[PDB]
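The form deposited in one PDB entry is given below as one chain in structure tokens.
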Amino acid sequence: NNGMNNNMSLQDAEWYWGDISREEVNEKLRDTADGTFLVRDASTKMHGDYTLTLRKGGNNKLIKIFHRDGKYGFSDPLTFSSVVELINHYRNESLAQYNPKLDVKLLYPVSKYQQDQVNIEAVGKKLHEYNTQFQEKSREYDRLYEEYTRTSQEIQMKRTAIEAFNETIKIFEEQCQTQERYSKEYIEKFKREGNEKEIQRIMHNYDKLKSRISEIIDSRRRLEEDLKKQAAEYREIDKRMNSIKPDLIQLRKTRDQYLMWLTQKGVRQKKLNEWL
């Protein structure tokens, strides 16, 4: 380091973050490696308490620092002069010493200086630009979602219609089979009386049935083609949302970072929220 001692005060410490809540700590530690840590004030707002959050096993473990007679420690006895000394001692020595089941060391600080990589009028205009882009992307996104939901409902309706068509065509095919089976012993009756007109009016009904079943098959085929096209559009809409999502998330993060940096700088929120 630089000061090689406790000269790096609590404000100077990269891992100390001051006043943050559970949610922001969980946001910063999400999907991080084992040993990622940051120190924040205790949520109950007493001076000098402090709480350490450590990543292990995919879970955020919460360790409370004690403070008695000017000493600090994870438990009794308290042997460290500050919290910088304790954090350094456990940055160089594993935490398994304090408790064997925490076989990990303090590896990766969450630096508060690492967020400064990316003139109040200038930053205000930049925040306005970022917010405008975020709003545009957001309205595009939820109109895409509405289109997608309606498309899904139409797809479900058309699939049910396909199944209904299948049942109807099966029923008509069994009706044709029954007609064919019944034609065996009764078709030879109108060949001795000399009335071919009876066979003609017999065949009229069979022809009508065949025409109707062919028409139903045609309707089923047309609706299946429409279903194929609509499913293709459904896939296209899903692709477009998948494209839209990550840029929107990153842009929202950038806007929030700018807003937090400008708010901590010391400006009253009346000038910020008026421009939305």
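Note that residue numbering follows the sequence shown and begins at 1. For clarity, a rigid core is taken as the largest C-alpha set superposing within 1.5 Å between two forms.
In the deposited sequence, the stretch from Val118 to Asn119 hides 4 to 9 residues that have no coordinates.
Not on display, but discussed next: the form deposited in another entry.
Core-superposed comparison between this form and the one not shown: among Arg150, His89, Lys191, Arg159, the single residue whose C-alpha moves by 2 Å or more is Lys191. Residue displacement note: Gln200 has its CA displaced by at least 2 Å between this form and the one not shown (rigid core superposed).
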